[PDB]
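The form deposited in one PDB entry is given below as one chain in structure tokens.
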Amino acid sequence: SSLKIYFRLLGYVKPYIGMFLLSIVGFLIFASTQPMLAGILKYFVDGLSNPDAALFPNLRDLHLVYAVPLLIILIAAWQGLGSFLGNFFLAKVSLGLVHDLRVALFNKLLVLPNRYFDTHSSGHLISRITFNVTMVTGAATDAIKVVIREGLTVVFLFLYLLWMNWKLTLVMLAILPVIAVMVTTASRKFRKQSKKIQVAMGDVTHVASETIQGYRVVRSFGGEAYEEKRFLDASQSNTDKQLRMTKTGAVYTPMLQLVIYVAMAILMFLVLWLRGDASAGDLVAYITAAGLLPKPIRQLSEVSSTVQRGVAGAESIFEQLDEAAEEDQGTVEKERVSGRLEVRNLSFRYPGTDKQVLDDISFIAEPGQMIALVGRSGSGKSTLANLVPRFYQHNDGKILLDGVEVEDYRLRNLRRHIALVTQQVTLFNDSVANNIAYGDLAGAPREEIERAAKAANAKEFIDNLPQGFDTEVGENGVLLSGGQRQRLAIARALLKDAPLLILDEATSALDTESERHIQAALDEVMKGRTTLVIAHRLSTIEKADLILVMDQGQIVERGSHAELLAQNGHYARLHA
């Protein structure tokens, strides 16, 4: 939980270096006014005795009665300029870093591997690009402003005190070592407590996420009591840990102030006891300047905890940015491909496991040919179909599309040549038309969109919708039925005319007649495409050119409907 993680933020402050320099200049101006405001008291005291005296004798008329009031205004304006220049330009830099960090994180998500999204929950990932960035940057920005403003102020004040009387200033200098030791001890405590508070807050988020995501299960199978108890315990821990940090700071700041004022007391005793020929105004200015030291130290003490509290978020932000991305070392970029797909001795095991999902799988697909896949509820049908789009990296075997290994193709170009209907249908919260035409096919004419819907036997329900093809499907298509959502997904794939079309159980939520209207229209456009089908209903794959039956990651049988039935094996048992 070191604060060194903040050093990484500097890489994003390079383009804003010039603006940051201006902020320092403004803070310098503001800091310089603080000693000036103390010095004017010297002349004011002298003026009280003799207001007719002239402030400058070598102007050369302006008496203290008018000069001292005038200087007050000028110093105030000078301080105001520094305040605006420092606060405005520093915020420019801060907001720029927020924008850069957010954009970088979002782009990283678009390139991270599927496993990352698989392991982490959506609530985890969204919090990083909406709240963590703001909190981390805000804490750092406040710290920078205080350290620059209060550090300069202290430096200027000490320099002024040293100029007036270096001997007495030594007393104030001796407190600096004491303050440093106290700051060190407090920081050690803050970091430890910050670790604890961090883990507790994460548990709170986890209980909430598990509930806002599986509300239906909680309602139906009970568990409101179980879930409420978990959240209560989690929240209690976070509050207790957070209070523990407050108590430490509530004693930390007062102690340091006491040290300063104890030292100030000593200094005043010396001035009152061992008084020289110094004028009363000289002494008043010195004491006044010393009294302007406690304020900056208090502000620094307060930020000492804020920095230690934002480190946790920075660690997570700078972890996703360092996460490894999908391997895309290929260069080949063909405009179009014939559609021939060949797999040769392909064996895969999910990363972080020891089970061989698939082993020694070989099959050749040619344009205009239909390939069907059947299995036993987990034979690896969905795993093999997710290796062609290179969603998961394969190490053994060779997957070749149009004669070139899928690895040699640039990820974007390869995925452009393949259209896939995943088993889990997912629909954005937008119009039916916008969902049917997303990304590459975006902007397609309405006529083409409607044509694809007709093929998916979707136009009928889409037309009866309240606003036609412009109706909003709702969040994840909740406003639509399960089979209706599946048909919309089929339409999206049909619109993206690609040489290879993969469909993984695209008729699971459709009846026997609606599924027929889809297979009766897919066979008329199968001549210019290579079709891969993974289905459990042994009725839409009878006309497939080649049918592959898998059993525990191995292809046990090959052939067609007639040959497979004649063999009287796994296919014969499954068909019955």
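The first residue of the sequence shown is number 1, and the count goes up from there. Superpose the two forms; the largest set of C-alphas matching within 1.5 Å is the rigid core.
The segment from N58 to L59 is interrupted, since 4 to 9 residues of the deposited sequence in that interval carry no coordinates.
The same protein also has a form deposited in another entry, omitted here; what follows describes it.
Looking at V357, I364, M164, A433 after a core superposition between this form and the one not shown, you find that only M164 has a C-alpha shift of 2 Å or more. Positional change of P254 between this form and the one not shown reaches 2 Å or more at the C-alpha, relative to the superposed core.
Residue displacement note: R309 has its CA displaced by at least 2 Å between this form and the one not shown (rigid core superposed). Relative to the superposed rigid core, the position of the CA of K381 differs between this form and the one not shown by less than 2 Å.
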